[PDB]
Protein chains: 4
Amino acid sequence: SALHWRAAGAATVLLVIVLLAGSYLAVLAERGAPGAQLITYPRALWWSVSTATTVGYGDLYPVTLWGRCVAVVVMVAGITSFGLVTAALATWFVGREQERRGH
Amino acid sequence: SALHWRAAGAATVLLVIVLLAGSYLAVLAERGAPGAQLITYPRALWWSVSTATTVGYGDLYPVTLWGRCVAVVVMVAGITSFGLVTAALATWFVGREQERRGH
Amino acid sequence: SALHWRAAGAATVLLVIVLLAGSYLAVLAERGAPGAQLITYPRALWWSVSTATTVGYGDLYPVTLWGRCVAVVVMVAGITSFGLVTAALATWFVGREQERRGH
Amino acid sequence: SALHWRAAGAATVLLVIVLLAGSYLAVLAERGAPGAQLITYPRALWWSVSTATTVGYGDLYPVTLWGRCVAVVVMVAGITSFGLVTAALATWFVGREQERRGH
Ligand SMILES: CCCCCCCCCCCCCC(=O)O[C@@H](CO)COC(=O)CCCCCCCC
Ligand SMILES: CCCCCCCCCCCCCC(=O)O[C@@H](CO)COC(=O)CCCCCCCC
Ligand SMILES: CCCCCCCCCCCCCC(=O)O[C@@H](CO)COC(=O)CCCCCCCC
Ligand SMILES: CCCCCCCCCCCCCC(=O)O[C@@H](CO)COC(=O)CCCCCCCC
Ligand SMILES: [K+]
Ligand SMILES: [K+]
Ligand SMILES: [K+]
Ligand SMILES: [K+]
Ligand SMILES: [K+]
Ligand SMILES: [K+]
């Protein structure tokens, strides 16, 4: 099992862990802030995933410092995780082309 | 026809299929939810494509569990599909540079 | 001048052309649609760039079929253009590591 | 220390500098525009980071020419910086696969 595939797998599991951890921590950070909407777990998970994919509909978002810090972590984990999948695909293609070239 | 170009082509066709399937399933999942707006097919397709590209204007979004699950599938298919195109471009450039180096 | 750098340069010029063309065509497609906001050129250019980078604040967006089609073109051009820059960076790094390995 | 890792490190520091500089300049550009909301530094930094990651919730955005120009710089720096991290990961994977192939 090549490194890039293992890394891709691990990245996926870690992202899921971050999305989960982020939804809990977001609710923890946001309750107590008048007007906050990221305060129940199910929609917080929806918020986490739509932030990690960087879609950001804006239907939900953090208003506190720690909620936003949590958000940045979720964003970075999502961007780098998917970026890593891209990197693994590149490695796969590069390898196949070398073979196709007799190497 | 190198693998990366075939993969890029296939990824494109699959994405189109997902955007189509996602618009139908989104409407199916969202009707029945008071207040939902992702309920007619044309705008649902607009929603699907703007989600797959991860643009997310927020003019439309799912409010139900299954609509959101459908959304996650659309997001992932879009991100990985475009990511794959990037990976194919990298393979193309890597190959040309090797040649430019006499290999 | 290696291919990837030339491609990166060309991609940048083309993107600028698309952003420009997209702002004109968006206004052309949207005027005539009651309620449309993407109807003056300066903000249309702001809309084009924030769509191409896939940021999508949602302060502006197309409501017509052709405005949305124009949007999809802008999105794709932005994603693939930046993706190509990424691919060129990968080629640059791959080349330097080979050298660092005595190849 | 291979180039790609140094580049990745430098890209990260530069991005942080841009996010910081962007929040100051955004407030500078936006105050004086009736209705503008990107006018206090803490939320401006939140705006900068959520723009650089291209998340774009839409809770905050620039309304002036220079605020939007600043925004474009932030967007580009974010996209290219994360793109570079992706490129570095690809180089790392490519290198490990070559070794795994006895090269
Ligand atoms: C540490 C933080 C952990 C957070 C864990 C969240 C646990 C929530 C229970 C799970 C589902 C509840 C369903 C429900 O009745 O809610 C629906 C109401 O319409 C839709 O809600 C939602 O928006 C849920 C969508 C979740 C999408 C997840 C995509 C993951 C790739
Ligand atoms: C399985 C799910 C399938 C969903 C299929 C959708 C079929 C809809 C018929 C198609 C067009 C109708 C036009 C119309 O009169 O609508 C216009 C009204 O202003 C604009 O609407 C729209 O927003 C359509 C924009 C579609 C963009 C698609 C981009 C694809 C890359
Ligand atoms: C084919 C379509 C072509 C469209 C061309 C657009 C021409 C507009 C003239 C240019 C500037 C006008 C300034 C003004 O007085 O407007 C300011 C008002 O606050 C800010 O406006 C704006 O939002 C302009 C922001 C533009 C950002 C462009 C970023 C490019 C990478
Ligand atoms: C040149 C421009 C420089 C701009 C520098 C900004 C300096 C602000 C001081 C820092 C924190 C203040 C906290 C506070 O009391 O504010 C909180 C109020 O709820 C949350 O605010 C916020 O939204 C801050 C979130 C910042 C996230 C940064 C993520 C970086 C990767
Ligand atoms: K995005
Ligand atoms: K976005
Ligand atoms: K958005
Ligand atoms: K938005
Ligand atoms: K919005
Ligand atoms: K809104």
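The following refers to the structure shown.

### Some words on the site of ligand 1
Okay, so step 1: Near ligand 1 you find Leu20, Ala21, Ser23, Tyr24, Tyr41, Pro42, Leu45 and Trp46 of chain A together with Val63, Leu65, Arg68 and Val72 of chain B, and these make up its full shell.
Okay, so step 2: Surrounding ligand 1 is a set of residues that belongs to chains A and B.
Okay, so step 3: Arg68 of chain B has a polar side-chain atom sitting 2.6 Å from an oxygen atom of ligand 1.
Okay, so step 4: Mapped onto the shell around ligand 1, the elements with two or more residues apiece are α1 (3–30) and α2 (41–52) of chain A together with α3 (65–100) of chain B.
Okay, so step 5: Looking at the shell around ligand 1 residue by residue, the classes come out as 10 nonpolar, 1 polar and 1 charged.

### Overview of the arrangement of the chains
Okay, so step 1: There is a clear gap between chain A and chain C: no contact, and 8 Å between their nearest C-alpha atoms.
Okay, so step 2: Separating chain B from chain D is a minimum C-alpha gap of 8 Å, and the two share no contact.

### Section: the interface of chain C and chain D
Okay, so step 1: Listed as interface residues are 21 residues of chain C and, on the opposing side, 32 residues of chain D.
Okay, so step 2: When the two sides are added together, the surface that chain C and chain D hide from each other amounts to roughly 2100 Å², 72% of it contributed by carbon and sulfur.
Okay, so step 3: For chain C, the biggest contributors to the area lost against chain D are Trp46, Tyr57 and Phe93 of chain C; these three give 33% of the whole.
Okay, so step 4: If you look at where chain C meets chain D, you find 0 salt bridges.
Okay, so step 5: For the interface between chain C and chain D, the tally reads 2 residue pairs in polar contact.
Okay, so step 6: Of all the secondary structure elements, the ones that give two or more residues to the side of chain C that touches chain D are α2 (41–52) and α3 (65–100) of chain C.
Okay, so step 7: Broken down by element, the residue count for the side of chain C that touches chain D peaks at 10 residues, all from α3 of chain C.
Okay, so step 8: Considering only residue class, the side of chain C that touches chain D consists of 10 nonpolar, 5 polar and 6 charged.

### Some points on the environment of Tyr41 of chain A
Residue and element names in this part refer to chain A.
Okay, so step 1: Looking at the secondary structure, you find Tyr41 in helix α2.
Okay, so step 2: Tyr41 sits in the partly exposed class, given a relative accessible area of 45%.
Okay, so step 3: When the C-alpha positions of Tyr41 and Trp5 are compared, they lie 32 Å apart, and in sequence the two are 36 residues distant.
Okay, so step 4: If we skip the residues at most four places from it in the chain, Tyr41 touches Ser23, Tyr24 and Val27.

Rules used in this analysis
- Residues numbered from 1 in each chain as written, not as in the entry; some residues may be left out.
- Chains lettered and ligands numbered in written order.
- Heavy atoms only, no water.
- Near = heavy atom within 4 Å.
- Polar contact = N/O pair within 3.5 Å; in protein donor to acceptor, adjacent residues only side chain to side chain.
- Helix = DSSP H or I, 4+ residues; strand = E, 2+ residues; numbered from the N terminus.
- Nonpolar A, V, L, I, M, F, W, Y, C, P; charged D, E, K, R; others polar.
- Contact = heavy atoms within 4.5 Å.
- Buried area = accessible area lost by both parts, 1.4 Å probe.
- Salt bridge = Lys/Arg side-chain N within 4 Å of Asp/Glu carboxyl O.
- Buried < 20%, exposed > 50% of the residue type's maximum accessible area, 1.4 Å probe, protein only.

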